[PDB]
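Undergrad: Before anything else, here's the structure in question.
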Ligand code: HAS
Ligand code: HAS
Ligand SMILES: CCCCCCCCCCCCCC(=O)O[C@H](COC(=O)CCCCCCCCCCC)COP(=O)(O)O
Ligand SMILES: CCCCCCCCCCCCCC(=O)O[C@H](COC(=O)CCCCCCCCCCC)COP(=O)(O)O
Ligand SMILES: CCCCCCCCCCCCC
Ligand SMILES: CCCCCCCCCCCCC
Ligand SMILES: [Ca+2]
Ligand SMILES: [Cu+2]
Ligand SMILES: [Cu+2]
Ligand SMILES: [Cu+2]
Ligand SMILES: [Mg+2]
């Protein structure tokens, strides 16, 4: 991610430059095919659109400073250099499906605008998110 | 240096896992409910996408049948209006966006040399939320009133508590919101696997064009989908409660239009870059030539990343509320990187050895289509030309050369290409060619003359027209060829079903012969962890050098235009 | 689970580059992992490593 | 080549039938049925052409 | 105070986990990253239940 | 300046000949743009075809080739020449774009007649707001606004009972609308006809009662969205034309999704002689109880729309293609 | 050495927080558009007389305080201190649950003297922006509680430490959004 943190500056500076052009060009140019005055949707959502790229770019930049030369980031690396452990990946879980079902229940709750359905769907969602996180933590059954 | 390992006696082979023909009872039922394997998830993610394709395309036929002749033969105004709303929605958000992540879930971990995705339980949630959103959105048809009937853009104040009442319009909003969570849940872990989980020696610039495209799309989908969710939840807040945010008396119409099109065109380009990548995978393998201008492609894709954000109000030239010069010019720019990456394809095929299998046929039948689609795109990008063409029927023809271009031709190309990888079996060539020719003639027939009618004064969302308009012969031709386009899926479905359980067995880890991507260095299908062994990655084509060692010196010596004089340079320390 | 063992979430990379998942046998192994398959017993088999109090 | 020409002729006759059938049923519901007829005809013609263009440059051999 | 389960590491020129860096490429194992698997079937404390029906 | 005859006809792709100088300019621009687009397309397609007929697998077998021929990947010299060319093309195209778009979007054409277009669900309503003293009833510049009928709308701004949510104004503030004396109202079974003079600068003032509609005249080669409260939306509700050159009846359609009967709100433009139009205005001004059809008959015109017919409202009719009235 | 490398979960959470910021881009857009044409006819001034600026500062400092305590909790997780994490997370939960009650009380005292959703454009825009933030704060509090009950069952390895660090990321984002939202509503007017 040495180069990943860098390539975000491209879009960041581009969108920052376009946002400032947009604000100044929309509030001071009368075209005849529109009216004069700053547009408050293309300005806020394009200033803050550059914000996303800047955030991710800066975070990855700070992160990449304090990382050693990884084999994946090394041009002439042997396959045997990463020989070790790649951390912990969940093999299986039923909870993603359940919590999709829970968001579906809340969705229809909001559609029909039934208070009980919204309330149940909200707490049916908290439960499933909780169970997703506590999946590998459920203690050995104490008698 | 290279550190040649000692020849160990006894090493025979990996297990070479069995193809998909032989499955026992219960082997898949509960596995799919709880799976966190990106392979099976991707398979079911593509299948579901195509199911929605067939379902959403049936609506297009009903629309197209009604337009055969003047007068309302079987369909009403209300039913016709809610039939293009749901057709344009199911095809863009229930087939388009998912099919993007299906090719992402399957081959992106396989292309960078990863064992799995970063968040296996999260993309498993991304599949289940999208399907739920889809089912929720379509529940509108099961209400007496019907589904949403405002288009796929839900303009204001046509889409408020006053106008368009009924629960279908809420279902549409909520379903769109839910399917948009699946896109961001998938973009999170298509972006962090690229960063973190990569094979030894696979630098960022060793990754294929496909993964670069999904990289750019991921960062591009993170800033558009939340915005749509915010806008749609603003409308729901207006409808369900008594909010006044979207009243015409304070923007409202224009507010929504800006808010929508700001994600309207970024979602459009989330449907194009991955399929440009798919095509960028297929062309080099069938031409026995490397991807011409690899870094050129990188820069082109990166340009479309940033430029696509500054062009959103070119969708609203006739509103008389936007700065015409700003959006007109910005749109003219976004054609330049596309032109670049489009010349790169020609460069790749240039003086190559082309074998015409189904993937290459599809890919070439793509460029010819999307080219004309994009050509009539710069037409609409000029306001003097867009005044006549906006909200009209020439527009309809335009975004069917680009949508049916990318998301259909390149998607099908990807299916034929990766089928041996995904299943260990190969698709029938004759049936594939039949499918291509049907879906090609049947498409150009139904959409070419569509241009002509739009210019002579037929607007888009019209249930009916008069005989004294001249739009009779054209509608007739379009309907005939559309019914032909609808039949093209018959060979496709038969091919996929038959070849899944009876297709020819793949006995080599690279059936297409000259594959140059990390997926072609593994068994078909891969063994549950993507790799029973990992090669040395020294370029963007690690599988090619793996299979063809005798030419490793040839592909370096003549890769550049000339003045290449490093083969005679002294060694470093 | 009885044939191969509990699927632990430890995706190790072998020196050759093969990604392998660590399996925890519930029974005796023969020579080099590959646990002797335990016959079904009509009871609930553990599926996670937290069910063994790890 | 064998299958091809048969498919072309069958498609052609069906398409001609459809084109003729449209003219009677003016602007009724049956115009849709006639559209389906011509679509099937055209489909068969293109199927014949596709099989013709496959036995010319085949990519799969019979074992 | 330092948790018993915390990996035995030198608190000098080395930190096991901070805000943004770690020692693995992926999620840390919830059963201790320093735990060597697999283990003998005895340590699991799983009792294969012999059952006979009829 | 269209290129030639039949070729020029082909390049239009059914684009109407255009009855306005604005339309003529747009038509010319369109023709030339298509000339260039066709060329570029031909080149791109030509390369795609040569990829089939020239660069093949066992095409390159007669010459004892083999595989992996000339495995080039980076033509840097021909890489910075194919980026620049599209840039130049788009810049030269944008110049003409901005040049052409200035004609239509100009608001300094000194109109001699203003029409208040009012789009509602689902029809149109025209009213003659201002008319120049030349082609006026008496000679004094016609001033078409209703004293008490407009002031009643201006008074709808505040709800007498507490209801001013939208920036201290009534939710249903219908005051942006303009009510006139001479008004043509379109019924579900009578197509509204707007009568205009020839060789005269007309201005159009667009607003909507409820929802967004679109004033599209295919012969104008132009459309514009009419928005409820156009000022708040910051949309220019006014557009002008230099003149209309042709005489006759021209269709107009709503080119913006607006509820169910969207396909069924069509209007007509009847462009008539200058003097004739003046006479029309005189007749309808001195006869406020008369109807538009009677006024049209007064000047020897067809009383009803000739380029359009009303739709039959019966749902379960029209099955046999008889949808006209 | 062990060849240290980026925290995968932290990078995943930062990429999630970026998208959540664009969620509020929509809300801010809606607020600013309604503000623009509210100032036009001099109606905005009348509506912002319903704001309790002093009261909105006390809750601000409460939320900032919660953030600082949260960071203290995370400082305790790097070192494997279970109890340091446990204590500061509880104080953050308490501090963050009185913000919601405080914010909720403001709503109750605001609808009492005129300002509702169905009363003005200002009212609708005020409640959309502040309402969604309140939902996010509730979600953050629930995240804290689930982390607290996660380290009650598991053995507190670096896995639990990582979970705590990412939840802190979410909390920091939420309070930063509040900081940006308070200036917009109560200061800029
Ligand atoms: C995935 C499918 C799609 C892609 C990709 C796409 C990108 C473009 N689109 Fe689009 N689009 C429009 C035009 C363009 C242009 C200029 C590009 C660009 O991406 C085009 C890229 C350029 C090329 C692909 C050309 C490459 C070919 C060569 C050879 C390279 C060199 C060419 C040069 C230098 C040009 C010189 C050529 C000459 C003839 C001088 C316009 C109007 O300007 C509207 C709104 C209309 C309205 O007013 O409502 C619109 C909106 C849509 C909608 C919905 C519209 C709605 O109202 O709901 C869809 C479904 C869609 C499809 C797609 N669109 N588009
Ligand atoms: C990738 C995205 C898209 C594809 C693919 C697509 C395919 C077609 N479209 Fe389209 N489209 C139109 C014509 C066609 C035709 C003839 C096809 C063809 O590709 C047709 C494909 C048909 C099929 C592929 C059907 C095969 C199915 C068969 C033969 C039987 C299925 C049987 C069963 C039992 C179903 C299986 C069920 C299960 C549950 C498994 C027309 C006009 O006739 C309009 C404008 C309407 C208007 O007036 O504005 C239009 C409008 C749109 C819009 C704008 C929506 C709006 O204005 O609100 C979008 C975004 C869009 C995208 C797409 N469109 N199209
Ligand atoms: C097991 C089979 C049951 C047989 C039911 C037959 C199916 C018909 C069902 C009709 C449902 C009507 C729903 C409805 O109209 O909603 C409401 C009317 O009925 C109800 O309130 C449903 C109450 C159901 C219990 C939910 C309690 C939630 C608290 C959970 C705490 C643990 C109307 O909406 P509202 O109350 O205003 O929010
Ligand atoms: C649709 C989701 C939008 C969520 C925005 C959150 C808005 C917060 C409401 C604050 C109350 C404002 C005061 C008020 O006017 O109160 C009342 C009106 O507002 C309400 O009833 C509050 C609605 C409750 C929000 C529902 C939560 C949605 C769950 C999310 C699942 C997606 C006053 O009623 P009254 O005019 O006196 O009759
Ligand atoms: C690239 C085309 C942008 C549209 C015109 C830009 C106008 C420049 C605004 C300068 C205003 C000075 C305050
Ligand atoms: C009078 C002109 C002021 C223009 C200010 C533009 C600000 C837009 C970005 C706001 C970002 C808020 C998060
Ligand atoms: Ca009809
Ligand atoms: Cu666009
Ligand atoms: Cu209309
Ligand atoms: Cu309309
Ligand atoms: Mg429009």
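Undergrad: Give region A:1-52 a look and list any residue that's at the interface with another protein chain (Cβ under 7 Å from one of its Cβ atoms) and over 20 Å from residue B:326 (Cβ atoms), or say none.
TA: A:1, A:3, A:4, A:7, A:10, A:51, A:52
Undergrad: While we're here: Give B:336, B:415, B:364 a once-over and let me know the one that is more than 18 Å from the chain's Cα centre (by Cα) and away from ligand 9 (no atom under 16 Å from the Cβ).
TA: Working: B:415 fails: more than 18 Å from the chain's Cα centre (by Cα); B:364 fails: more than 18 Å from the chain's Cα centre (by Cα).
The unique qualifying residue is B:336.
Undergrad: Residue G:91 passes all but one of (1) away from chain B (no Cβ under 14 Å); (2) within 16 Å of ligand 6 (Cβ to nearest atom); which number fails?
TA: (2)
Undergrad: Hey, does region G:86-93 have a residue that's loosely packed, with under 15 Cβ neighbours inside 10 Å and not in a loop (DSSP other than H, G, I, E, B)?
TA: At the first step, the residues of region G:86-93 found to be loosely packed, with under 15 Cβ neighbours inside 10 Å are none.
No, every residue in region G:86-93 fails to be loosely packed, with under 15 Cβ neighbours inside 10 Å and not in a loop (DSSP other than H, G, I, E, B).
Undergrad: Output the qualifying pairs, or none if there are none: Cβ atoms under 6 angstrom, residues six or more apart or on different chains, first residue in region F:259-277 and within 14 Å of another protein chain (Cβ to nearest Cβ), second residue within 16 Å of ligand 3 (Cβ to nearest atom).
TA: none
Undergrad: Regarding residue A:110, is this residue in contact with a helix residue (DSSP H, G or I) (Cβ under 8 Å, 6 or more places away or on another chain) and away from chain E (no Cβ under 12 Å)?
TA: yes
Undergrad: Being part of a helix (DSSP H, G or I), more than 13 Å from chain D (Cβ to nearest Cβ) and more than 28 Å from the chain's Cα centre (by Cα) is the filter here; which residues of region B:454-501 pass it?
TA: Matches in region B:454-501: B:455, B:474.
Undergrad: Same structure, new question: Would you check if there is a residue in region B:27-39 being in contact with a strand residue (DSSP E or B) (Cβ under 6 Å, 6 or more places away or on another chain), touching a residue at least 40 places away in the same chain (Cβ under 8 Å) and within 10 Å of another protein chain (Cβ to nearest Cβ)?
TA: Step one: list which residues in region B:27-39 are in contact with a strand residue (DSSP E or B) (Cβ under 6 Å, 6 or more places away or on another chain), which gives B:34, B:36.
Among the residues that remain, those that are also touching a residue at least 40 places away in the same chain (Cβ under 8 Å) are: B:36.
Now narrow it down to the ones that are within 10 Å of another protein chain (Cβ to nearest Cβ): B:36.
Looking for residues that are in contact with a strand residue (DSSP E or B) (Cβ under 6 Å, 6 or more places away or on another chain), touching a residue at least 40 places away in the same chain (Cβ under 8 Å) and within 10 Å of another protein chain (Cβ to nearest Cβ), one finds at least one in region B:27-39, hence yes.
Undergrad: Here's another thing I want to ask about it. Here are some residues: B:361, B:378. Which one is outside any loop (DSSP other than H, G, I, E, B) and within 30 Å of residue F:222 (Cβ to Cβ)?
TA: On the way: B:361 fails: within 30 Å of residue F:222 (Cβ to Cβ).
The match here is B:378.
Undergrad: Can you say whether residue B:109 is within 14 Å of chain A (Cβ to nearest Cβ), more than 27 Å from residue B:460 (Cβ to Cβ) and touching a strand residue (DSSP E or B) at 6+ places or on another chain (Cβ under 6 Å), as far as the supplied structure shows? Give the steps one after another, and end with the answer.
TA: Working: within 14 Å of chain A (Cβ to nearest Cβ): yes; more than 27 Å from residue B:460 (Cβ to Cβ): yes; touching a strand residue (DSSP E or B) at 6+ places or on another chain (Cβ under 6 Å): no.
The answer is no for residue B:109.
Undergrad: Can you report the number of residues in region D:14-32 which are away from chain F (no Cβ under 14 Å) and touching a residue at least 12 places away in the same chain (Cβ under 8 Å)?
TA: Final tally of qualifying residues: 7.
Undergrad: Right, something else. In the set F:316, F:308, F:324, which member is surrounded by 15 or more Cβ atoms within 10 Å (Cβ to Cβ) and within 14 Å of chain D (Cβ to nearest Cβ)? Step through it out loud before you land on a result.
TA: Working: F:316 fails: surrounded by 15 or more Cβ atoms within 10 Å (Cβ to Cβ); F:308 fails: within 14 Å of chain D (Cβ to nearest Cβ).
Going through F:316, F:308, F:324 in turn, just one is surrounded by 15 or more Cβ atoms within 10 Å (Cβ to Cβ) and within 14 Å of chain D (Cβ to nearest Cβ): F:324.
Undergrad: Return yes when residue F:229 is within 21 Å of residue F:175 (Cβ to Cβ), within 16 Å of ligand 1 (Cβ to nearest atom) and buried (at least 24 other Cβ atoms within 10 Å of the Cβ) and no when it is not. Don't jump to the end; show me each part of the working.
TA: Values: within 21 Å of residue F:175 (Cβ to Cβ): yes; within 16 Å of ligand 1 (Cβ to nearest atom): no; buried (at least 24 other Cβ atoms within 10 Å of the Cβ): yes.
Against the criterion (within 21 Å of residue F:175 (Cβ to Cβ), within 16 Å of ligand 1 (Cβ to nearest atom) and buried (at least 24 other Cβ atoms within 10 Å of the Cβ)), residue F:229 does not qualify.
Undergrad: Sticking with this structure for a sec: Only one of B:157, B:115 is in contact with a strand residue (DSSP E or B) (Cβ under 9 Å, 6 or more places away or on another chain) and on the phi < 0 side of the Ramachandran plot. Can you tell me which?
TA: On the way: B:157 fails: in contact with a strand residue (DSSP E or B) (Cβ under 9 Å, 6 or more places away or on another chain).
It is B:115.
Undergrad: Next question. Can we say residue F:40 is surrounded by 14 or more Cβ atoms within 10 Å (Cβ to Cβ), assigned to a loop (DSSP other than H, G, I, E, B) and out of contact with any strand residue (DSSP E or B) (no Cβ under 6 Å at 6 or more places or on another chain)? Spell out the reasoning first.
TA: On the way: surrounded by 14 or more Cβ atoms within 10 Å (Cβ to Cβ): yes; assigned to a loop (DSSP other than H, G, I, E, B): no; out of contact with any strand residue (DSSP E or B) (no Cβ under 6 Å at 6 or more places or on another chain): yes.
So residue F:40 fails the test.
This table checks each residue for (1) without any contact (Cβ under 8 Å) to a residue 12 or more places away in the chain; (2) within 14 Å of chain B (Cβ to nearest Cβ); (3) farther than 28 Å from residue A:132 by Cα.
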residue: G:85; (1), (2), (3): no, no, no
residue: G:98; (1), (2), (3): no, no, no
residue: G:102; (1), (2), (3): no, no, yes
residue: G:106; (1), (2), (3): no, no, yes
residue: G:110; (1), (2), (3): no, no, yes
residue: G:113; (1), (2), (3): no, no, yes
residue: G:122; (1), (2), (3): no, yes, yes
residue: G:138; (1), (2), (3): no, no, no
residue: G:171; (1), (2), (3): no, no, no
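Undergrad: For region F:302-325, name all the residues that are farther than 18 Å from residue B:463 by Cα and out of contact with any helix residue (DSSP H, G or I) (no Cβ under 8 Å at 6 or more places or on another chain).
TA: In the first step, residues of region F:302-325 are kept if they are farther than 18 Å from residue B:463 by Cα; the result is F:302-307.
Within region F:302-325, F:305, F:306, F:307 qualify.
Undergrad: For residue B:153, indicate whether it is surrounded by fewer than 23 Cβ atoms within 10 Å (Cβ to Cβ), more than 10 Å from chain A (Cβ to nearest Cβ) and within 23 Å of the chain's Cα centre (by Cα).
TA: Taking the combined requirement at face value, the residue satisfies it.
Undergrad: I'd like to verify a number: residues in region B:362-408 that are more than 16 Å from ligand 11 (Cβ to nearest atom), within 13 Å of chain F (Cβ to nearest Cβ) and under 21 Å from residue B:482 (Cβ atoms), how many?
TA: Of the residues in region B:362-408, 10 are more than 16 Å from ligand 11 (Cβ to nearest atom), within 13 Å of chain F (Cβ to nearest Cβ) and under 21 Å from residue B:482 (Cβ atoms).
Undergrad: I've got another one for you. Can you tell which of G:145, G:61, G:137 is buried (at least 20 other Cβ atoms within 10 Å of the Cβ), more than 16 Å from ligand 9 (Cβ to nearest atom) and either assigned to a helix (DSSP H, G or I) or on the phi < 0 side of the Ramachandran plot (or both)?
TA: Details: G:145 fails: buried (at least 20 other Cβ atoms within 10 Å of the Cβ); G:61 fails: buried (at least 20 other Cβ atoms within 10 Å of the Cβ).
From the options G:145, G:61, G:137, the qualifying one is G:137.
Any read-out appearing in this document is the output of simple, stated calculations on the displayed coordinates, not a laboratory observation. Cβ: placed from backbone, ideal geometry, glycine included. Neighbour counts: every protein chain shown.
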